[PDB]
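I have placed the structure first, in the form of structure tokens, so that the comments after it can refer back to it.
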Amino acid sequence: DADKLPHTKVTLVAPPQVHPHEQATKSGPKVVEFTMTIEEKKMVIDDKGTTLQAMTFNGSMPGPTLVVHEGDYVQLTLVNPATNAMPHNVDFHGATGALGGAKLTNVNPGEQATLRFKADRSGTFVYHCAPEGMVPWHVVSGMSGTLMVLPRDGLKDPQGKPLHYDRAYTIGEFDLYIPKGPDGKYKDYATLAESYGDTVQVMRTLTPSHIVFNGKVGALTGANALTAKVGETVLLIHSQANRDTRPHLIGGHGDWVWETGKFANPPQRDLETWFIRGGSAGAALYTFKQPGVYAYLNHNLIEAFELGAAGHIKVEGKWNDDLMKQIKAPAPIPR
Amino acid sequence: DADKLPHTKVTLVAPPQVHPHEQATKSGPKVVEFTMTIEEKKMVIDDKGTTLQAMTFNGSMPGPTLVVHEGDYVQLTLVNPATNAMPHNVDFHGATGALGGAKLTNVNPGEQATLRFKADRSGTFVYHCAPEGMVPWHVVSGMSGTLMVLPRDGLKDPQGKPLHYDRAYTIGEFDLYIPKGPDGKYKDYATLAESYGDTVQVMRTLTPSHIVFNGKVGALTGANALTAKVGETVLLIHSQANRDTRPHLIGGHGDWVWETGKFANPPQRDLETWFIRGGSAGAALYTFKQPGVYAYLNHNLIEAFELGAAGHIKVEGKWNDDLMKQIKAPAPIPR
Amino acid sequence: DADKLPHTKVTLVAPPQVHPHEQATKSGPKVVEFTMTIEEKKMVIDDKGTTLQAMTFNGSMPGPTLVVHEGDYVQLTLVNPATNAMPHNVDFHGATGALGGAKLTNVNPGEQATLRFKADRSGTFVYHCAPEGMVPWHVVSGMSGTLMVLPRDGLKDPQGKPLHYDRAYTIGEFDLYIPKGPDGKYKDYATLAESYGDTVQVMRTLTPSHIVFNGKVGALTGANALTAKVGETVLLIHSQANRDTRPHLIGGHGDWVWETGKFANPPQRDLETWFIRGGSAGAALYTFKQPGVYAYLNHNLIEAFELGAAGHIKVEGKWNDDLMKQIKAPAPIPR
Ligand SMILES: [Cu+2]
Ligand SMILES: [Cu+2]
Ligand SMILES: [Cu+2]
Ligand SMILES: [Cu+2]
Ligand SMILES: [Cu+2]
Ligand SMILES: [Cu+2]
Ligand SMILES: [Zn+2]
Ligand SMILES: [Zn+2]
Ligand SMILES: [Zn+2]
């Protein structure tokens, strides 16, 4: 019984970070309490000033990653401030019943609700808003994130041997559908409601105008590049609530990958590129062996480079000439 | 030898039902006899009266699911009535040789043929029409269904333990390519032949006008919703003969899933969303734990909600507060 | 240490063939030396004279398949002749560091470079050109191929039993983005540089004009069909550096398939259709049991039949009536 268990309260952190947590734990099941606040806002999504009338959990795309252990109970308070225009809710793919909790969390501006569910299956799971009659619009405008349910004894390889990560990052990939006017320029809308009709028309073409990691072209680059060191194992959580993607780490691999994102299944090893089904979250481990700047991208390279689905990982440490060596630098072809 | 074995005759049933069959069986191999009759017809495919010049096995999209056991022989009589305009045939992905049987089943209007093949591999397999020079048109117009070949000892989990379903449903998902006129309204064609040229032009854009379960937007909703009860394990067969899809059960999971649809492989567990490759059939088991109305959909939510790829499952039984509980109903945010 | 090991030199062969190699080997690790020369050229890609301003490794699409064993070192000399207009490089997905080697192989026309890397992971891996700021253009114009890294003890089934192929073919699938003029005819460009702007515009629509195996509609058909015999096991390597595809052998199966292309993972059996993620190479084994002409295709049938993603395999041997038999040839429906 959940009402017998101790409660803990978790403070969420903004992507691409994930809140502190244990992997393998000696602790027993708890009710883990979270709160998130919905924020509708206009966001700038590229280098040319294009805007999105966005909708977010906690002010970010994706929403923050919530981490519990299998057998824990997730207790979320969902707050929809009066400053918002739309009703919202939440559907946890990690949850059982009531359309993932959406039926029990319908909150108008000025309202909040509290949902509890048993996190009885291990894995990374999408959560998203799903208000009746406007589900795809709320999802594509930014309302999704990941629930990670770790097995109580941590991650395991196909032989049941232990696996771990030293650092975790969370990447949400967002296919955006920004309308254009007769002049061919992207439209800028005074309000969220006004963007609706034009946006549905673009959606129906199934062609995104932009595909971005974490809310903007280049969000995970420059000062905002992800970071690691040679010898460190990184977990890369990748969520795509609406559309397929194919993550790839340039100069790296997926050492151990759950592409369908469910930890009770054995992971695959040595992947060059993996596949995240639209409407799911997956997870890859990589241990860095070479220093330098990596790209982490959707390996539809048009989607990555033209449309925005690419980030960077800056890695410190010592170059290994055994793994790779420039034998002859670029030089004139011998006569 | 097939000519030594007893024969049985099976009466097919219309989707979403599947004809009565055993899973694990004590019976030995048989020649299992089926008949299907091709029907070309104009069908209404949405709520606004849009029509498709369709082509079907047995009058339905998808055609009926045929069920045999591994080692059985499938013996199909394929009938193309004189009331039809086009030649047709059948390609069983479950079969070996002669382009899946297409080369041996070329039937003009007024003709029939009988094909036998050994069902020597377990799984759900697409069958479809494939007449030379018009293969994609016949497939996208409705001519596909599933052959399920059950292992003789029934379904098994990754550890070789037994799995079963108490109820089976079959869902065919159809990417449709309906042309539009200068006025932007969908075209209605007097005949099947007349729809061809315009339809090929739409196909070549790779953008479906509609994506529907079982022949129509909302085919598996209302009076036609699928049904189950808490405690019942349902098999959901999903076929897509031309285009990728990503099935998801809202408020549920894929407890055991063969997404590539081949039962000799271990299934994955706890899936939120799985992946059916265009040109294949997959299979998922789910045991219901909560009552209420579920949605079963393609989790490209635009494809589901805007284009038609979504159905409903109405489930009876008792709510389980341990799995999910509304702690605080939606209420004013405390001052 | 690589500088302690013996060296061997390999002569590459044009697709769809793959250079002679051992599978399971008694040999120890070597530095395996390869050379490839970049050729930019205008190529005719369909039956109606449409041209592509193409870019190739060794004059072919795909580039040749390089085969080594796990633990070997790949040492590639990459030559960019002065007759070319563009800078190029190479990114091996099979390699670790320096963006797959791209950072160490930047060659202007008239230059060459030599890269060494440790092939420490088994599988089929994409290699492609990736010059900074023009990565997708170089890839979609033809600059990709496969590195196959065989395990030292050859291929294994899920139970660790030996698997092998008697013949290997390599298929690269290329989503092409050829621009059209106001008249709706495909544009023909005097130079590679001139094609750039228009091509980027087409790319951004995410809709290929053509999708071809090995450089042209019908490249693997007629005199150029692949060949086998009943009783022979064929390895089919399928690379797609930019876009998802779903290979299928009509009248056949994937007997053993690594769809994500990494041999340390167990293969799946009995596949009807498998999935190659954009930015990866996969591998399927099939042992022929029936003679005749097979099609090997992308089972988005529009992509196959309308856009060009289909080839043929002509197979010799004896028909097996146990696997498939025409019981009744097409005949008038009995009155
Ligand atoms: Cu919302
Ligand atoms: Cu969902
Ligand atoms: Cu037909
Ligand atoms: Cu087929
Ligand atoms: Cu290049
Ligand atoms: Cu790459
Ligand atoms: Zn570590
Ligand atoms: Zn049961
Ligand atoms: Zn052999």
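Chain identifiers are assigned as A, B, and so on, following the order in which chains appear in the structure tokens; residues are numbered from 1 within each chain, and ligands are numbered from 1 in order of appearance.
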Please list as number ranges by chain every residue within 6 Å of segment 50-58 of chain B, counting only C-alpha atoms and excluding residues in the same chain fewer than 4 positions away. B: 36-46, 63, 141-143, 192
Same residues, N, CA and C atoms, output as a CSV table (one decimal), in the first residue's frame:
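The file below, selection-v2.csv, is the result:
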chain,number,residue,atom,x,y,z
B,36,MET,N,-10.8,-16.7,-50.5
B,36,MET,CA,-11.1,-15.2,-50.5
B,36,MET,C,-11.5,-14.7,-51.8
B,37,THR,N,-12.5,-13.8,-51.8
B,37,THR,CA,-13.0,-13.2,-53.0
B,37,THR,C,-12.7,-11.7,-53.1
B,38,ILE,N,-12.1,-11.3,-54.2
B,38,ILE,CA,-11.7,-9.9,-54.4
B,38,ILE,C,-13.0,-9.0,-54.7
B,39,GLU,N,-13.1,-7.9,-54.0
B,39,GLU,CA,-14.1,-6.9,-54.3
B,39,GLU,C,-13.5,-5.5,-54.4
B,40,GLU,N,-13.6,-5.0,-55.7
B,40,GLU,CA,-13.3,-3.6,-55.9
B,40,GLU,C,-14.6,-2.8,-55.6
B,41,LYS,N,-14.5,-1.8,-54.9
B,41,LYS,CA,-15.7,-0.9,-54.6
B,41,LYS,C,-15.2,0.5,-54.1
B,42,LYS,N,-16.1,1.4,-54.4
B,42,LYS,CA,-16.0,2.8,-53.9
B,42,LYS,C,-16.4,2.8,-52.4
B,43,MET,N,-15.5,3.4,-51.5
B,43,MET,CA,-15.7,3.4,-50.1
B,43,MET,C,-15.7,4.8,-49.6
B,44,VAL,N,-16.5,5.1,-48.6
B,44,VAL,CA,-16.5,6.4,-47.9
B,44,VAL,C,-15.5,6.2,-46.7
B,45,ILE,N,-14.5,7.1,-46.7
B,45,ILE,CA,-13.3,6.9,-45.8
B,45,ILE,C,-13.2,7.9,-44.6
B,46,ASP,N,-14.0,8.9,-44.6
B,46,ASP,CA,-14.0,9.9,-43.5
B,46,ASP,C,-15.4,10.5,-43.2
B,63,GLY,N,-7.9,-7.2,-45.4
B,63,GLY,CA,-8.5,-8.4,-45.7
B,63,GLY,C,-8.5,-9.2,-44.4
B,141,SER,N,-4.6,1.0,-52.2
B,141,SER,CA,-6.1,1.0,-52.4
B,141,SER,C,-6.8,0.0,-51.4
B,142,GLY,N,-6.1,-0.8,-50.7
B,142,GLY,CA,-6.7,-1.7,-49.7
B,142,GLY,C,-6.4,-3.2,-49.7
B,143,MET,N,-5.6,-3.7,-50.7
B,143,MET,CA,-5.4,-5.1,-50.8
B,143,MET,C,-4.2,-5.7,-50.0
B,192,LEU,N,-12.7,2.9,-60.9
B,192,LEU,CA,-11.4,2.7,-60.4
B,192,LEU,C,-10.3,3.1,-61.3
When the cut-off is 6 Å and we count only C-alpha atoms, which residues of chain C are near chain A, given as a ChimeraX atom specification? /C:93,96-100,107,110-118,136,242-243,278-279
Chain A residues near ligand 7 within 8 Å, closest pair each, using only C-alpha atoms and all ligand atoms, as CSV:
residue,atom,partner,partner_atom_place_in_ligand_line,distance
A:164,CA,ligand 7,1 (Zn),6.2
A:165,CA,ligand 7,1 (Zn),5.5
A:166,CA,ligand 7,1 (Zn),4.8
A:231,CA,ligand 7,1 (Zn),7.2
A:232,CA,ligand 7,1 (Zn),5.4
A:233,CA,ligand 7,1 (Zn),5.0
A:287,CA,ligand 7,1 (Zn),7.7
N, CA, C and O atoms of the current selection, written as an mmCIF file, in the first residue's frame:
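Saved file result_17.cif follows:
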data_model
loop_
_atom_site.group_PDB
_atom_site.id
_atom_site.type_symbol
_atom_site.label_atom_id
_atom_site.label_comp_id
_atom_site.auth_asym_id
_atom_site.auth_seq_id
_atom_site.Cartn_x
_atom_site.Cartn_y
_atom_site.Cartn_z
ATOM 1 N N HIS A 164 26.359 1.191 -15.487
ATOM 2 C CA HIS A 164 26.094 2.460 -14.811
ATOM 3 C C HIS A 164 26.485 3.620 -15.719
ATOM 4 O O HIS A 164 27.197 3.448 -16.707
ATOM 5 N N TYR A 165 26.042 4.811 -15.350
ATOM 6 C CA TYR A 165 26.527 6.039 -15.954
ATOM 7 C C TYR A 165 27.066 6.951 -14.852
ATOM 8 O O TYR A 165 26.593 6.921 -13.714
ATOM 9 N N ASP A 166 28.071 7.740 -15.201
ATOM 10 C CA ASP A 166 28.677 8.705 -14.281
ATOM 11 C C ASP A 166 28.027 10.085 -14.412
ATOM 12 O O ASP A 166 28.083 10.908 -13.487
ATOM 13 N N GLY A 231 37.013 8.547 -20.075
ATOM 14 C CA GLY A 231 36.840 7.664 -18.918
ATOM 15 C C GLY A 231 35.478 7.720 -18.246
ATOM 16 O O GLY A 231 35.121 6.827 -17.480
ATOM 17 N N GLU A 232 34.715 8.769 -18.546
ATOM 18 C CA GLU A 232 33.375 8.958 -17.997
ATOM 19 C C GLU A 232 32.300 8.293 -18.886
ATOM 20 O O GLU A 232 32.330 8.446 -20.117
ATOM 21 N N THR A 233 31.369 7.576 -18.254
ATOM 22 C CA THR A 233 30.211 7.001 -18.941
ATOM 23 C C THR A 233 29.041 7.982 -18.817
ATOM 24 O O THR A 233 28.674 8.403 -17.711
ATOM 25 N N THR A 287 30.927 5.432 -23.015
ATOM 26 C CA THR A 287 32.136 5.783 -22.262
ATOM 27 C C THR A 287 33.143 6.412 -23.203
ATOM 28 O O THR A 287 33.611 5.768 -24.150
#
Restricting to only C-alpha atoms, whichever of A:241, A:235, A:104, A:119 is closest to residue 257 of chain A is A:235
Of B:310, B:31, B:139, B:18, the one nearest to residue 3 of chain B when counting only C-alpha atoms is B:31
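Contact shell of residue 126 of chain A at 10 Å (only C-alpha atoms; same-chain neighbours under 3 positions omitted): residues 65, 91, 92, 93, 94, 123, 144, 145, 146, 147, 148, 172, 238, 239, 240, 241, 261, 278, 279, 280, 281 and 282 of chain A; 272 and 273 of chain B.
Counting only C-alpha atoms and all ligand atoms, the residue from A:285, A:220, A:129, A:171 that sits nearest to ligand 2 is A:129.
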Taken to one decimal, the atom CA of residue 312 of chain C-atom CA of residue 218 of chain C distance is 8.6 Å
Quick one: DSSP strand (DSSP E) residues in segment 41-265 of chain C, as a PyMOL selection string?
chain C and resi 41-44+51-57+66-69+73-80+91-92+111-118+123-128+144-150+155-156+162-163+167-176+210-213+226-229+233-240+247-249+254-258
Please return, as a PyMOL selection string, all residues of segment 124-317 of chain A that DSSP assigns to alpha helix (DSSP H) on the basis of the backbone. chain A and resi 135-140+192-204+301
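You will find atom CA of residue 17 of chain A at 21.3 Å from atom CA of residue 175 of chain A.
Considering the residues A:49, A:211, A:181, A:296 and counting only C-alpha atoms and all ligand atoms, ligand 6 has its shortest atom-to-atom contact with A:296.
Atom CA of residue 137 of chain C sits 8.0 Å away from atom CA of residue 199 of chain C.
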- How would you write, as an NGL selection string, the set of residues no farther than 6 Å from ligand 5 when counting only C-alpha atoms and all ligand atoms? :C and (88-89 or 129 or 138)
For the residues in that selection, give me N, CA, C and O atoms as an mmCIF file, in the first residue's frame.
data_model
loop_
_atom_site.group_PDB
_atom_site.id
_atom_site.type_symbol
_atom_site.label_atom_id
_atom_site.label_comp_id
_atom_site.auth_asym_id
_atom_site.auth_seq_id
_atom_site.Cartn_x
_atom_site.Cartn_y
_atom_site.Cartn_z
ATOM 1 N N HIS C 88 36.944 17.518 -49.451
ATOM 2 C CA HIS C 88 36.244 16.343 -48.942
ATOM 3 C C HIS C 88 37.000 15.812 -47.726
ATOM 4 O O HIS C 88 38.071 16.304 -47.381
ATOM 5 N N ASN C 89 36.430 14.791 -47.089
ATOM 6 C CA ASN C 89 37.062 14.074 -45.994
ATOM 7 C C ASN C 89 36.347 12.732 -45.827
ATOM 8 O O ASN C 89 35.605 12.322 -46.719
ATOM 9 N N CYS C 129 31.514 11.134 -46.348
ATOM 10 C CA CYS C 129 32.191 12.424 -46.337
ATOM 11 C C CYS C 129 31.394 13.364 -45.434
ATOM 12 O O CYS C 129 30.165 13.265 -45.355
ATOM 13 N N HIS C 138 27.044 16.635 -49.344
ATOM 14 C CA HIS C 138 28.023 15.651 -49.811
ATOM 15 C C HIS C 138 27.514 14.220 -49.669
ATOM 16 O O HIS C 138 27.741 13.385 -50.542
#
Using only C-alpha atoms and all ligand atoms, the residue out of B:311, B:297, B:154, B:66 with shortest distance to ligand 2 is B:297
